[PDB]
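Quick notes on the structure that follows.
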Amino acid sequence: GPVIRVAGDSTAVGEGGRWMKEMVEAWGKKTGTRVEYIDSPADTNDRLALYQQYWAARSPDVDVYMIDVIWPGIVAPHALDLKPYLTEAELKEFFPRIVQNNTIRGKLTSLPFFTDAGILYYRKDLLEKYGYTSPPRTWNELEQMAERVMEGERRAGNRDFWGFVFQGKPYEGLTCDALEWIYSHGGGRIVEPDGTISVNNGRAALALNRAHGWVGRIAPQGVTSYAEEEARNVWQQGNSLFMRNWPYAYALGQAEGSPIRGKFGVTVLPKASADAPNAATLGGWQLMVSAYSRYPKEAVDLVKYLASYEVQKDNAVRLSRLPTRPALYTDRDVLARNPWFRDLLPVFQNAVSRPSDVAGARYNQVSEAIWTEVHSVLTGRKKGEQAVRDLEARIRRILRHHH
Ligand SMILES: OC[C@H]1O[C@H](O[C@H]2O[C@H](CO)[C@@H](O)[C@H](O)[C@H]2O)[C@H](O)[C@@H](O)[C@@H]1O
């Protein structure tokens with residue numbers, strides 16, 4: 001019978017790829033359908049390029065793809081429209097914001113699978129040790145805490161200890177971290193939903209100069225090559241006071257044999273001042289049936305299974321990844337395992353989006369511009385003022401004649 005082949009998630013990021021393969025195998029066993037899992041590189045932008053090889057070829061060699069929240073406007077031609085396959089009631093069980101994100105010129109490109117938002121991880125044992133009662137609310141506070149805790153932990157002999165780790169590598173994750181910096185300084189959304197390229201302003205420039213000021217000071221010099229897992233591994237070994245990362249890191253830090261098990265909490269990222277907005281960049285992944293799949297019916301069945309209540313529950317309980325079904329946020333088992341899902345639900349709902357809707361199919365080019373200009377500030381090549389002016393000019397060229 002048919003072999004249903006799935007490309008999604010990566011065995012190089014946490015347990016996501018292993019868990020995904022397990023879920024696809026469970027569907028295959030449940031339905032008596034052969035399945036195969038195709039692995040992917042860690043970074044989302046490398047995955048996009050890989051999957052674009054399949055799509056360009058109209059390849060039938062992958063039936064189901066796990067696609068990033070930023071991709072629908074790029075990948076729509078390659079997606080089977082799912083709208084005819086779901087009832088209005090089925091579709092209402094997901095967050096409407098994500099269903100809307102995944103709908104491009106009427107085509108339901110993909111079902112919401114898990115959402116994501118950037119959050120602050122903090123070592124509560126260390127905050128207590130050094131006389132702090134709450135995590136930092138402002139970036140200045142985060143810097144002051146990091147400097148004091150670092151000074152003490154270095155003096156006590158942990159030469160591997162840093163104050164803050166984050167994603168500073170030149171790739172899509174840096175666009176995520178930088179949106180949070182810029183937005184949390186009142187510097188805007190880089191490209192506004194209306195199309196205005198707003199990034200050339202002094203608040204955005206200050207945000208980027210501040211992040212430069214971390215590098216080699218409270219954050220490792222090598223932070224400029226960190227993606228999610230590099231940051232996580234310094235954190236998880238017990239070598240950072242603070243980390244910016246996504247929800248998946250929580251379950252991994254609580255696992256038996258983690259050096260930091262029981263020693264951390266999570267909160268919203270800091271912001272420049274009390275009247276700036278909170279920033280958490282919206283992430284997450286969706287499930288797309290290939291337009292080139294020879295087995296659309298079977299593939300839609302697998303996608304509905306993966307997106308179901310019990311598979312998303314399993315994702316929440318075991319991998320601390322955020323459901324796209326509001327009903328799961330009231331599930332007693334989800335909440336007992338992850339109480340912080342309730343505490344931060346409003347942060348998740350108010351997550352700020354990257355400019356993928358407004359840039360549409362040109363988003364990847366826009367983002368490459370952003371992460372390269374931001375990276376030039378982190379590396380000390382440019383000051384924030386020059387980088388936001390140069391970025392404005394690049395994005396203007398990229399989006400000229402796009403509506
Ligand atoms: O939360 C775990 C996921 O982390 C990655 O995806 C997030 O980070 C990306 C940038 O590096 C975003 O574009 C994406 O929207 C976020 O969800 C990783 O690519 C995923 O495989 C992980 O599941």
Side-chain angles (χ1 to χ4, degrees), residues 1-41 47-48 50-69 71-72 75-94 98-99 102-103 107-115 284-319 321 323-325 327-328:
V3 182
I4 303 308
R5 302 191 168 80
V6 177
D9 221 335
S10 174
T11 64
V13 183
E15 288 292 324
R18 175 178 337 199
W19 173 86
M20 179 71 160
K21 181 175 164 144
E22 180 189 334
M23 298 301 95
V24 172
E25 289 174 341
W27 180 83
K29 180 201 172 93
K30 178 174 180 213
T31 59
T33 313
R34 289 196 284 160
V35 293
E36 299 178 347
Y37 176 78
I38 297 158
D39 204 356
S40 300
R47 305 195 199 157
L48 184 55
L50 168 67
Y51 300 168
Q52 283 175 320
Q53 293 176 38
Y54 288 99
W55 298 329
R58 306 183 154 111
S59 180
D61 292 353
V62 178
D63 303 287
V64 170
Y65 296 76
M66 195 181 87
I67 66 162
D68 200 341
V69 67
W71 296 354
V75 313
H78 310 306
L80 177 63
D81 189 0
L82 299 180
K83 195 58 169 61
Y85 294 91
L86 276 88
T87 66
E88 291 290 7
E90 286 173 323
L91 196 55
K92 279 183 201 309
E93 297 181 353
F94 299 107
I98 309 174
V99 171
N102 293 356
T103 299
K107 177 185 290 188
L108 180 60
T109 68
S110 49
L111 294 192
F113 184 28
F114 59 98
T115 189
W285 293 78
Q286 337 304 316
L287 289 159
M288 187 184 91
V289 178
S290 182
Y292 319 109
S293 175
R294 297 164 293 189
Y295 314 116
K297 180 190 152 19
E298 295 76 358
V300 165
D301 284 339
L302 167 59
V303 161
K304 290 175 163 187
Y305 177 74
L306 294 171
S308 69
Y309 186 101
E310 293 284 319
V311 175
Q312 297 202 26
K313 181 174 178 163
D314 194 52
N315 201 18
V317 174
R318 291 206 292 153
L319 275 66
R321 289 195 303 182
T324 52
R325 289 168 174 284
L328 277 164

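Numbers for residues simply follow the sequence, beginning at 1. Atom set for the values below is all heavy atoms of this structure, side chains included, hydrogens, waters and symmetry mates excluded.
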Q) Can you name the closest pair of heavy atoms from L328 and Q312 and give their distance? A) CD1-CB, 3.5 Å

**Q.** Nearest heavy atoms of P112 and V99, plus distance in Å
**A.** CG-CG2, 4.0 Å

Q) Once the angle between the rings of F113 and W19 is folded into 0 to 90°, is it parallel (under 30°), tilted (30 to 60°) or perpendicular (over 60°)? A) parallel

Q: Please determine, by modelled atom types, if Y65 and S110 share a side-chain donor-acceptor pair under 3.5 angstrom.
A: no

Q) Is NZ or CZ of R5 both nearer than 6.0 Å to the six-membered ring centre of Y37 and within 45° of the ring axis? A) no

**Q.** Distance-minimising heavy-atom pair for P323 and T115
**A.** O-CG2, 3.6 Å

Q: Measure from the side-chain N and O atoms of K304 to the backbone N and O of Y85, and report whether any donor-acceptor pair falls under 3.5 Å.
A: yes

Q: With the side chain counted from C-beta on, respond yes when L50 and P41 share a heavy-atom pair under 4.5 Å apart, and no when they do not.
A: yes

(Q) I'd like to know if the side chain of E15 and the backbone of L319 have a donor-acceptor N/O pair within less than 3.5 Å. (A) no

Q.
Using the rule given for side-chain contact (heavy atoms from CB on, under 4.5 Å), can you reason through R47 versus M66, listing the C-alpha separation, both sets of side-chain angles and the distance that settles it, and then say yes or no?
A. CA-CA 10 Å; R47 305 195 199 157; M66 195 181 87; 4.3 Å; yes

Q. Would you call the rings of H78 and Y292 parallel, tilted or perpendicular if under 30° counts as parallel and over 60° as perpendicular?
A. tilted

**Q.** Taking every non-hydrogen atom, the tightest pair across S59 and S290
**A.** O-OG, 4.4 Å

**Q.** Residue pair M23 / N315, side-chain heavy-atom distance below 4.5 Å
**A.** no

Q: Taking all heavy atoms of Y295 and all of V3, pick out the closest pair and write down the distance.
A: CE1-O, 3.9 Å

